[PDB]
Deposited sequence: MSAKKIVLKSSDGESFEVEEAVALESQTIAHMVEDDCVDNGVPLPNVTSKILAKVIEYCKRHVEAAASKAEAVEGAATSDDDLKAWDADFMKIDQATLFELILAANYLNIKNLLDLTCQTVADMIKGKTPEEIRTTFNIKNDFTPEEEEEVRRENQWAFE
């Protein structure tokens, strides 16, 4: 376990290169980037859920703000999608 108690959780496993020291600590104390890597389905389900909450019910702009995504939409595409979204699917 680098950089058999309750260490079989990870099905990437049951000697690590794509993890660090301060990270491994937090996993055993019990990122997502990881939680994945390793397969620990309940921790993947921990983070992915509360993350999905940073999102729940915020504007597209409001999300990419409070994340860090560059809007890569030509206003052409951005307006036509919003039209479909709102006229057909909401």
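No C-alpha positions are given in the record for the deposited-sequence stretches 1-7, 11-19, 31-42, 59-100.
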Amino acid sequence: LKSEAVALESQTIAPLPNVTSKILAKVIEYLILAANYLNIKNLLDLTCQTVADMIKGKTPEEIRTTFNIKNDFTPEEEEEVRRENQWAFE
From here on, numbers count along this sequence of modelled residues.
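Annotation: residue 82 does not belong to the positions left without coordinates in a third of the other compared entries; each one with flanking residues models it. Annotation: residue 10 does not belong to the positions left without coordinates in a third of the other compared entries; each one with flanking residues models it. The PDB entry records a higher mean C-alpha B factor for 20-28 than for its counterpart among 20-28 and 78-86. Annotation for residue 10: CA B-factor lies in the highest third of the chain's modelled residues. Among all modelled residues in its chain, residue 36 ranks in the middle third by Cα B-factor. In this PDB entry, the Cα temperature factor of residue 42 sits in the top third of its chain's modelled residues, the highest group.
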